[PDB]
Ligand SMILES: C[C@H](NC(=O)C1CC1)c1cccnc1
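Next up: just one chain, as C-alpha cells, the form solved without the named molecule.
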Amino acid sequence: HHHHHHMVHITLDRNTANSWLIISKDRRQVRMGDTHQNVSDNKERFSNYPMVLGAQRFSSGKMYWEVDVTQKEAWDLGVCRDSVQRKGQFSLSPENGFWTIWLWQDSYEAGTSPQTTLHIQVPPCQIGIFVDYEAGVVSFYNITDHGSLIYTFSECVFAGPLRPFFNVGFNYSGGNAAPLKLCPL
C-alpha cells in the first residue's frame, strides 16, 4: 500500500482505559496489569474488557497508524465511534459502532456480524490501520508481510467522530501479558 504519508501520531486516553490497564508515560504503550491500577471510576472507562481509546478524534480526511502486537495471543484493533457503549457486555460490530479485527485462539477474524474469517499466511507482528472518512473505508495491512491487505470494511456508516480503538485481551493463559505499542512514524 501507499497510505504511509497519511501517518498520524496516536496517543492513548488514560481516562477511557479499563481500570486494570497500565499505559506508559509517553501514552504510546498499554498492557494488562495483574490487579486494579488504583484509579477512580468514571463513565468513560470500559468496565468489562481490557479496552482503551486513542485521544485523537477524526471527523474527515485520511488517517494511518501502526500497532505492534508481537508475541500476543489475543487482541482487538481498529476504530470506533466516540459514543460506543462503555459499560456491560457488547459485541464488536459496525451496528454497535466498531470497525475492528482480532486475534483469538490462533485465528484472525474481522468484527462483522457475524464475524468473518481472515486468511493470513504470515502472522503479523505489526498491523497498519487506514481510515478514509469521506469514502467510508477502514482497511488493515500486514506490515510483517510487506504491507499485504488483511481486510477492508467498505460502505461504512461511521455516524459520528471516530477514535482509535484497542483491546490488549485478557491474560488467563499467562501467555498474553505483552503490550500493544504504537509504532513510530
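The first residue of the shown sequence is 1; numbering continues from there.
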(request) Would you determine, from the values in the PDB entry, which of 119 to 127 and 46 to 54 has the greater average C-alpha temperature factor? (result) 119 to 127
(request) State which stretch shows the higher mean Cα B factor in the entry: 90 to 98 or 74 to 82. (result) 90 to 98
(message) Based on the deposited C-alpha B factors for this chain, I'd like to know if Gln29 is in the lowest, middle or highest third.
(response) middle
(request) Using the B-factors in the PDB entry, rank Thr152's C-alpha atom against the chain and give the third, lowest, middle or highest. (result) lowest
(request) Using the B-factor values recorded in the entry, state whether the Cα atom of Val138 falls in the lowest, middle or highest third among the modelled residues of its chain. (result) lowest
(message) Based on the deposited C-alpha B factors for this chain, I'd like to know if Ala159 is in the lowest, middle or highest third.
(response) middle
(message) Lowest, middle or highest third: which one holds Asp132 when the chain's residues are ordered by CA B-factor from the entry?
(response) middle
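There is another form of the same protein, the form deposited with the named molecule bound; it is not shown, and what comes next is about it.
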(request) Sort through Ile143, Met63, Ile120, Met32 and report the residue having a heavy atom within 4.5 Å of the named molecule in the bound PDB entry. (result) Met32
(message) Residue-level question: is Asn171 within 4.5 Å of the named molecule in the bound PDB entry, judged on heavy atoms?
(response) yes
(message) Considering non-hydrogen atoms and a 4.5 Å limit, does the named molecule approach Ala177 in the bound PDB entry?
(response) yes
